[PDB]
Amino acid sequence: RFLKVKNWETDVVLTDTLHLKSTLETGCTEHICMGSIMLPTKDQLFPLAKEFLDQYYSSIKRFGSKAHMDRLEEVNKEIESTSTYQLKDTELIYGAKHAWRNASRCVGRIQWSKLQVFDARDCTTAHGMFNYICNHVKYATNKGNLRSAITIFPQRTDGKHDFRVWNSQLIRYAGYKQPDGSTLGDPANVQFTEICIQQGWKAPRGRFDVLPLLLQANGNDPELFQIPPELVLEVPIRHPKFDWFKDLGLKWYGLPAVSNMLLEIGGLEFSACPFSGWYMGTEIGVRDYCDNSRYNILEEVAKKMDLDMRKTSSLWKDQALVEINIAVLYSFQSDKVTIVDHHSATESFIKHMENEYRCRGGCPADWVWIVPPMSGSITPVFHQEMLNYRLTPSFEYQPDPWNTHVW
Amino acid sequence: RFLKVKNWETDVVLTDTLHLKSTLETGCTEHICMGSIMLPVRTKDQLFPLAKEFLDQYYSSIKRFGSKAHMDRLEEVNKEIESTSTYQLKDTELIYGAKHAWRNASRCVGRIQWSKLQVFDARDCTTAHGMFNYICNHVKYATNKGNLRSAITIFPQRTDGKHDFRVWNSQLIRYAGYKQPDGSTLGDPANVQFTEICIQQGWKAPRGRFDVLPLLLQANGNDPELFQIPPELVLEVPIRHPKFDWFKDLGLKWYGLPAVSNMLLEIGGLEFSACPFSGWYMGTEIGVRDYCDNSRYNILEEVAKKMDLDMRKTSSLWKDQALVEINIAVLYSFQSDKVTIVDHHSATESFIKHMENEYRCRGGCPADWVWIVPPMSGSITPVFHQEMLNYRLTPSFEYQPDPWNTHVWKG
Ligand code: HEM
Ligand code: HEM
Ligand SMILES: Cc1cc(N)nc(C[C@@H]2CNC[C@@H]2OCCCCOc2cc(F)cc(Cl)c2)c1
Ligand SMILES: Cc1cc(N)nc(C[C@@H]2CNC[C@@H]2OCCCCOc2cc(F)cc(Cl)c2)c1
Ligand SMILES: C[C@H](O)[C@H](O)[C@H]1CNc2nc(N)[nH]c(=O)c2N1
Ligand SMILES: C[C@H](O)[C@H](O)[C@H]1CNc2nc(N)[nH]c(=O)c2N1
Ligand SMILES: [Zn+2]
């Protein structure tokens, strides 16, 4: 019930108490561990609200004050007559900041407290959503000096009037099925590309086609919008020693911006709440470029390096993987667009973790997502035990909305 | 109750029923996942059910479940337990048991090999010297002049927990580590404490960077005794790089035989506290872990220096670049000397085919993703994208505390 985590490279032991305030379920039992599964009324709403306001008022050093009790009352009365309630601004900011503080999969949480929150709760149409979004993108991009941010659309009401961003990320490249039967562009987005084309998008039918936004206001059918090209900062990818690298025609976008999650604060659900930070190199260089199911360019790169591709044991995939990632890092840096490498990101999180242990009594952390997808055991997170548990406020993953929306 | 695992790369969906036969606890609950925690005298009473569970498993596997031969053996074990407190495994059962402990080892990527396992029965061994002989024979048989064969040697079972057989070495073959007065370390820093116990026990230590440790051997609850493995039995590979010629002058070598000797084998309720086993290396174990862990031989800097990488910012990926070359070197070296080795690409791929076979034939394959994914290049190996369920089946191998923490010195 008080739990220890050991770092096996340093012998630092941390004691976790924070887990006891754990509320949601993990998917694990004492019989089966699900650590590597990607997806494991007025009545219920008041405890949730209470649990949240309690932590808020504690955080502002006013637990059990006149102002604390007064708010519990007001919220309680609002639920009883309206069946929901509204967060104060200051509460909203705190909820969003803490949702990221609680995100057990996120290696970049050292920054959780620097999050600019944009209150789009007064939003009513897809056009409003687009406007808010363009502002988010421009503010966050900051000409390349990236700033973390989240934009929060109106909370779920009765589930029939949800605001949703249909894209999974604000900025993503189109994927298209080809005559030969292979894939042009990003295969991750085939399904969504076709929907866009089917909503009406004039697809340029290229390899790095920035997709249109699909915006749903008040549970209405969604509409398309192109993001002003001048707002989409992109980076052409070159190697600091391989001259031919640039001839591959590779580019990536500077702004990672998750747009499909559901944000839960004090029992209220914000179903459209797109957020953005900045890339860790490996997310582009390892996953976007190299995954079998993604742009998958290892064979092409390995050939240009004239490596021995006859046997897996020449470690040609590995050698090419490193060079691809040097190139991502080098390009972003050369163009002055913020990026971090896995070494410094993981070093940063270790410091963050130790901060959260002395300041908060722990830090939920999912080791399967925290350890980088290349060079695992030479980053310090590999040797660090982590406890994974669900705390609220949180971000949850949610069903791709076309399986869920009626047309 | 059915459970599905998905492969995100292939979209193959597998159904696990096997987890229904799981008994030991994981350490996880519905409130907390312990999946990355390294570590998350028996009684007459609990024993016959454990025996019976095991023996029903054995008899189903040979297609004699319900046979007279099965019921006779149940009653026979029954009796033996009540009159003597324990029981003895037949040869056939011991072999089956040791194969299934490997089969159920959810952290092992090598399990495609599980049915090929040479079992050596050392249950007549009564002394340390006797243990040494048996271990020497194991090492010679498994080494096989470079053409490694999987094997395990099984020493007599625990009785009252006061007469335990133990190999104090954590692997049969490992290098010493010596802490210097100045805080540096010569040899393997993992093995420094154990090396101190050996020096203390009387070992004369050459004090260099790759000294093979002496076995420390405990028979029958007795104080352990020192023994030198015959050096002609210790196959070693000097490490060189196919393109870089300065690599060999780093002075590096490694032993060919990976052989775990500190674990506990449990079969039908019995505890074998001494069951050293051995297979062959996956190259990243030496390349990534042994050489490049910071707490081990820590050679990334020296290798990047000699490679003249830009070492002034981590974003050159100098560590990553040096790591690949070392790993190329280890696989090159083993292969040139005809010592069995598998790379991580080929080992993970075999494992996914093993894993799928197991779902079709057995109803599951428990697997610990945190351990199965190699410690480099994780995401370009197909295990990365594989969902896995982790659960504890017996027969099983178990960590046991280092013996020098528990032994009462007879003096
Ligand atoms: C400041 C720079 C940031 C870095 C370097 C970063 C790092 C990452 C990384 C590497 C992942 C794994 C992504 C994957 O492999 O799919 C991740 C996941 C995630 N991060 Fe961050 N993050 C940053 C900012 C943010 C911000 C601003 C938020 C929200 C406010 C956030 C919330 C999340 C969440 C909820 C996940 C899990 C996503 C999922 O489950 O699909 N991160 N983070
Ligand atoms: C074909 C040769 C084999 C290969 C390539 C292989 C591969 C591996 C690797 C890479 C590990 C992880 C070690 C680490 O990174 O800490 C491992 C763990 C393990 N393997 Fe194997 N294995 C092989 C044969 C065997 C055999 C013969 C057995 C026993 C019969 C066995 C049982 C285990 C156990 C119990 C663990 C976990 C050890 C622990 O918890 O410390 N393996 N396997
Ligand atoms: C089925 C499913 C569940 C889930 N939680 N998330 C997904 C999305 C998959 C999981 N990894 C790749 C893909 O996610 C990419 C979007 C997350 C990227 O997250 C960030 C956010 C940042 F701000 C910065 C960085 Cl480097 C990464 C799918
Ligand atoms: C605290 C703890 C628990 C535990 N279960 N196991 C350990 C042993 C640790 C895990 N990494 C370093 C040390 O491993 C050496 C033992 C595993 C090696 O196993 C094999 C066996 C083989 F036949 C082949 C290969 Cl590549 C590896 C420590
Ligand atoms: C099956 C496994 O859970 C899955 O492949 C995970 C592994 N770790 C990950 N780690 C990160 N950061 N992102 C991911 O998408 C994944 N995928
Ligand atoms: C803390 C963490 O669980 C621990 O470092 C694990 C991570 N994965 C590993 N995987 C293997 N194969 N071997 C190990 O020693 C470890 N160490
Ligand atoms: Zn778990």
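Residues numbered from 1 in each chain as written, not as in the entry; some residues may be left out. Chains lettered and ligands numbered in written order. Heavy atoms only, no water.

Its PDB header attributes the entry to X-ray crystallography and lists the resolution as 2.078 Å.

Taking the PDB entry as the reference, chain B is identified by name as Nitric oxide synthase, brain belonging to Rattus norvegicus. For this entry, the PDB record gives the title as "Structure of rat nitric oxide synthase heme domain in complex with 6-(((3R,4R)-4-(4-(3-chloro-5-fluorophenoxy)butoxy)pyrrolidin-3-yl)methyl)-4-methylpyridin-2-amine".

The name the PDB entry assigns to chain A is Nitric oxide synthase, brain, from the organism Rattus norvegicus.

**Some details on the overall build of chain B**
Each helix and strand counted, chain B has 10 helices and 18 strands in total. Over its C-alpha trace chain B gives a radius of gyration of 23 Å, about what one expects of a compact globule, namely 22 Å for 411 residues. With the principal axes as the frame, chain B shows a C-alpha extent of 70 × 60 × 45 Å. Looking at chain B as a whole, 55% of its 411 residues qualify as buried. (Helix = DSSP H or I, 4+ residues; strand = E, 2+ residues; numbered from the N terminus. Rg over C-alpha atoms; globule rule 2.2 N^0.38 Å. Buried < 20%, exposed > 50% of the residue type's maximum accessible area, 1.4 Å probe, protein only.)

**Description of the coordination of the iron atom of ligand 2**
For the iron atom of ligand 2, the protein supplies a single donor, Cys108 of chain B (SG), at a distance of 2.3 Å. Mapped onto the fold, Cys108 of chain B is located in the loop between helix 3 (91-103) and strand 3 (118-121). (Donors = N, O, S within 2.8 Å, 3.2 Å for Na, K, Ca; no water.)

**Comments concerning the site of ligand 4**
Residues and elements named next belong to chain B. The immediate surroundings of ligand 4 are formed by 14 residues, with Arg107, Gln171, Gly279, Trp280 and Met282 found nearest. Within the side chain of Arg107, a nitrogen or oxygen atom sits 3.2 Å from a nitrogen atom of ligand 4. The protein chains hide 69% of the 670 Å² of surface that ligand 4 would expose on its own. Its residues assigned to classes, the shell around ligand 4 shows 10 nonpolar, 2 polar and 2 charged. (Near = heavy atom within 4 Å. Polar contact = N/O pair within 3.5 Å; in protein donor to acceptor, adjacent residues only side chain to side chain. Areas by Shrake-Rupley, 256 points an atom, 1.4 Å probe, with all protein chains shown as cover. Nonpolar A, V, L, I, M, F, W, Y, C, P; charged D, E, K, R; others polar.)

**Topic: the coordination of the zinc ion (ligand 7)**
Around the zinc ion (ligand 7), the donor atoms from the protein are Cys28 of chain A (SG), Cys33 of chain A (SG), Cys28 of chain B (SG) and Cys33 of chain B (SG), and they sit 2.2 to 2.4 Å away. Coordination at the zinc ion (ligand 7) comes from 4 donor atoms whose angles at the metal span 103 to 123°, giving a geometry best classed as tetrahedral. No difference in accessibility class separates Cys28 of chain A from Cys33 of chain A, as the two residues are buried. (Tetrahedral: all angles 85-135°; square planar, octahedral: opposite > 155°, others 65-115°.)

**Quick look at the domain arrangement of chain A**
Residues and elements named next belong to chain A. Domain parsing of chain A yields domain 1 (16-121 + 148-158 + 262-276 + 346-370), domain 2 (122-147 + 162-233 + 397-401) and domain 3 (234-256 + 279-344). Each of domain 1 and domain 3 has a C-alpha centre, and the two are 36 Å apart. Facing 6 residues of domain 1, the contacting portion of domain 3 comprises 6 residues. At the surface where domain 1 touches domain 3, the tally comes to 0 salt bridges. For the pair domain 1 and domain 3, the number of links is 6 residue pairs in polar contact. For the side of domain 1 that touches domain 3, the elements supplying multiple residues, two or more each, are strand 15 (275-276) and helix 9 (342-360). Among the elements that make up the side of domain 1 that touches domain 3, the one with the highest residue count is helix 9 (3 residues). (Domains from an automatic or database assignment. Contact = heavy atoms within 4.5 Å. Salt bridge = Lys/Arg side-chain N within 4 Å of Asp/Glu carboxyl O.)

**Looking at empty space enclosed by the protein**
In this structure, the largest cavity encloses a volume near 90 Å³. As for the largest cavity, its lining consists of 17 residues, and the residues nearest its centre are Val371, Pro372 and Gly376 of chain A together with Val373 and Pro374 of chain B. In terms of residue class, the lining of the largest cavity is built from 13 nonpolar, 4 polar and no charged. In this structure, the second largest cavity occupies an estimated 40 Å³ of space. As for the second largest cavity, its lining consists of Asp318, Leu321, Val322, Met374 and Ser375 of chain A together with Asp320, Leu323, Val324, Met376 and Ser377 of chain B. Where the lining of the second largest cavity is concerned, the elements lending two or more residues are helix 8 (316-334) of chain A together with helix 8 (318-336) of chain B. (1 Å grid on protein atoms, 1.4 Å probe; cavity = no way out; pocket = protein on both sides within 12 Å on 5 of 7 lines; lining within 4 Å. Points joined across faces, edges and corners; volume = space filled by probe spheres on them.)

**Here's the deal with the interface of chain B and chain A**
Taken residue by residue, the interface counts 62 residues in chain B and 63 residues in chain A. Here chain B and chain A share an interface that buries about 5300 Å² over both sides, 61% of which is from carbon and sulfur atoms. Going through the elements one at a time, strand 1 (3-6), helix 6 (283-292), helix 8, helix 9 (344-362) and helix 10 (369-372) of chain B are the ones with two or more residues in the side of chain B that touches chain A. Split into classes, the residues belonging to the side of chain B that touches chain A amount to 28 nonpolar, 24 polar and 10 charged. (Buried area = accessible area lost by both parts, 1.4 Å probe.)

**Concerning the sheet that holds strand 18 (residues 396-399) of chain B**
Residue and element names in this part refer to chain B. Here we have 3 strands laid out as an open sheet, ordered 14-13-18, and antiparallel in their pairing. The open sheet has two free edges, formed respectively by strand 14 (270-272) and strand 18, since each of these has just one partner strand. Pairwise comparison of adjacent strand axes, ignoring direction, gives a mean angle of 30° for this sheet. Note: strand 13 (residues 263-267) against strand 18, 4 bridges, orientation antiparallel. Bridge assignment links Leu265 to a residue of strand 18, and that residue is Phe397. Packing of helix 3 onto the sheet brings it into contact with strand 13, strand 14 and strand 18, and relative to strand 13 it is tilted by some 120°. (Pairing = 2+ DSSP bridges. Axes fitted to C-alpha atoms, helices over the stretch in contact; angles between N-to-C directions.)

**Digging into unusual backbone geometry**
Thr392 of chain A connects to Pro393 of chain A through a cis peptide bond whose omega is 0°. As for its placement among the helices and strands, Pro393 of chain A is situated in the loop between helix 10 (367-370) and strand 16 (394-397). Phi at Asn296 of chain A takes a positive value of approximately 45°, unusual for a residue other than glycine. Structurally, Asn296 of chain A can be placed in the loop between helix 6 (281-290) and helix 7 (298-304). Take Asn296 of chain A: its relative accessible area is 28%, and that puts it in the partly exposed class. At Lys145 of chain B, a residue that is not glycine, the phi angle is positive and equals roughly 50°. Within the secondary structure, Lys145 of chain B is located in the loop between helix 4 (128-143) and strand 4 (151-154). We classify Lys145 of chain B as exposed; its relative accessible area is 81%.

**Things to note about the sheet that holds strand 4 (residues 149-152) of chain A**
Residue and element names in this part refer to chain A. If you walk across this open sheet you meet the 4 strands as 3-4-15-12, and the pairing is mixed. Single-partner strands in this sheet number two, and they are strand 3 (116-119) and strand 12 (257-258). Note that strand 4 and strand 15 share 2 bridges and pair antiparallel. Within the sheet, the bridge partner assigned to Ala149 lies in strand 15 and is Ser276. Contacts from helix 4 (residues 126-141) reach strand 3, strand 4 and strand 15 within the one sheet, and its direction differs from that of strand 4 by about 170°.

**Examining the pattern of salt bridges**
Taken as a whole, this structure holds 39 salt bridges over all chains when the rule is applied. One salt bridge in this structure joins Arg287 of chain A and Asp291 of chain A, with 2.9 Å as the shortest N-O distance. Two residues, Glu236 of chain B and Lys253 of chain B, come together in a salt bridge whose shortest N-O distance is 3.8 Å. Here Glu236 of chain B, found in strand 10 (residues 236-238), pairs with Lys253 of chain B, found in strand 11 (residues 253-255); they are 17 residues apart in sequence, far enough to count as distant. The network of salt bridges with common partners includes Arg71, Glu74, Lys88 and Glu91 of chain A.

**Regarding the nonpolar core**
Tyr289 of chain A together with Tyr291 of chain B are the most contacted members of the largest nonpolar core, which has 123 residues in total. In this structure, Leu18, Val368 and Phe382 of chain A together with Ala347 of chain B belong to the second largest nonpolar core, which totals 57 residues. (Core = buried A, V, L, I, M, F, W, Y, C linked by side-chain atoms within 4.5 Å.)

**So, the pairing of strand 8 (residues 213-216) of chain A**
Residues and elements named next belong to chain A. Side chains of strand 8 alternate between two faces, with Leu213 and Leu215 and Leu214 and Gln216 buried alike. Bridging between strand 5 (residues 164-165) and strand 8 involves 2 bridges; their strand directions are antiparallel. In the sheet register, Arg164 faces strand 8, and the bridge partner there is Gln216. Strand direction decides the pairing type here: strand 8 and strand 9 (residues 223-225), joined by 3 bridges, are antiparallel. Across the sheet, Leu214 pairs through a bridge with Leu224, a residue of strand 9. Connecting the antiparallel pair strand 8 and strand 9 is a turn made up of 6 residues, with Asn218 showing a positive phi of about 60°.

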